[PDB]
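So this first bit is one chain, no partners, the form deposited without the partner chain, shown in structure tokens.
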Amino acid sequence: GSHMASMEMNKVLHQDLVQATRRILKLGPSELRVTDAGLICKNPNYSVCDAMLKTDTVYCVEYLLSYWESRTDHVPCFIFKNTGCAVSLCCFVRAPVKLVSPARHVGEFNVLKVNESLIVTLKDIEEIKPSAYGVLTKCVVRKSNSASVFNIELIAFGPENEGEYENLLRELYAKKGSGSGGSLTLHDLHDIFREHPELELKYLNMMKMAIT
């Protein structure tokens, strides 16, 4: 989390973030490029890991950003890059300060050319997402009709069944909110899931219904 952080603590953090990225994004075994752990929390211009995204596949980008924030205590910054025939999501502990390509922040629909950086942060997602309780923002990459271009859409998702979702939240409230009026926030979820990882699987498994 700083240039003076110990190698030992950095290695645990690096392993945590890499494993969580594979799990939360449901990546195949070869779909994550990992930067050497020796670089973490020093030069901010290097990512920790880059996820190689498939097209037409839902990715839980808001939840991943929120998880990283919970583990690092820094504001994460993920950057979509088009390497010619694939999009990578390059995951940084903190925003880089010099990028190879000109950069802009996501909206709901985006066209991603090669040698463009497309930044997504929690601040961007908060601006774009609905106000409804419990929504999570996902991203989907689509093949463009144009060569060397991909489209990236951000989509709101909710639970498949309200009642089963409510029953899961009840299990979380039995572990205990930090939100307005004692309601659970996503940061409450990360804290509970740290101690109850079986509930985290049950939660993510149900957040699969695109919202109107």
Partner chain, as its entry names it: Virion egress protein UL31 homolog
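Numbering follows the first chain given and starts at 1. If you superpose the two forms and keep the largest set of C-alpha atoms that fall within 1.5 Å, you have the rigid core.
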Task: Unresolved deposited residues in the interval that joins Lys176 and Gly177 - done: 1 to 3
TODO: Please work out which of 97 to 105 and 118 to 126 has the higher mean CA B-factor as recorded in the PDB entry.
DONE: 97 to 105
Task: Mean C-alpha temperature factor, higher of 54 to 62 and 179 to 187 - done: 179 to 187
Task: Top Cα B factor in the deposited entry, candidates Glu164, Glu31, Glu153, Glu69 - done: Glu164
- [ ] Would you mind ranking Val48 by its C-alpha B-factor against the rest of the chain and naming the third, lowest, middle or highest?
- [x] lowest
TODO: Compare the C-alpha B factor of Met9 with those of the other modelled residues in its chain, then answer lowest, middle or highest third.
DONE: highest
- [ ] Going by the recorded CA B-factors, say which third of the chain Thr137 sits in, lowest, middle or highest.
- [x] lowest
Open item on the list: When the deposited Cα B-factors of this chain's modelled residues are ordered and cut into thirds, is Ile192 in the lowest, the middle or the highest one?
Closed with: middle
Open item on the list: Please say which third, lowest, middle or highest, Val87 falls into when its CA temperature factor is compared across its chain.
Closed with: lowest
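Omitted here: the form solved in complex with the partner chain. The next part is about that form.
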- [ ] Please run the contact check for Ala156 against the partner chain in the bound PDB entry: heavy atoms, 4.5 angstroms, yes or no?
- [x] yes
TODO: Would you check, heavy atoms only and a 4.5 Å threshold, whether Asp56 touches the partner chain in the bound PDB entry?
DONE: yes
Task: Close approach of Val135 to the partner chain in the bound PDB entry, 4.5 Å, heavy atom - done: yes
Open item on the list: How about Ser146 - does it come within 4.5 Å of the partner chain in the bound PDB entry, if we only consider non-hydrogen atoms?
Closed with: yes
Open item on the list: Between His105, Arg71, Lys113, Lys123, only one gets a heavy atom within 4.5 angstroms of the partner chain in the bound PDB entry; which residue is that?
Closed with: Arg71
Open item on the list: Using a 4.5 Å heavy atom cutoff, which residues in 27 to 46 contact the partner chain in the bound PDB entry? It's fine if the answer is none.
Closed with: none
Open item on the list: Only one of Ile40, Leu32, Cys60, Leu154 crosses a C-alpha shift of 2 angstroms between the shown form and the other one, counting 2 angstroms or more, core aligned. Which residue?
Closed with: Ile40
Open item on the list: If the two forms are fitted on the core, does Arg170 show a Cα displacement reaching 2 angstroms between the shown form and the other one?
Closed with: yes
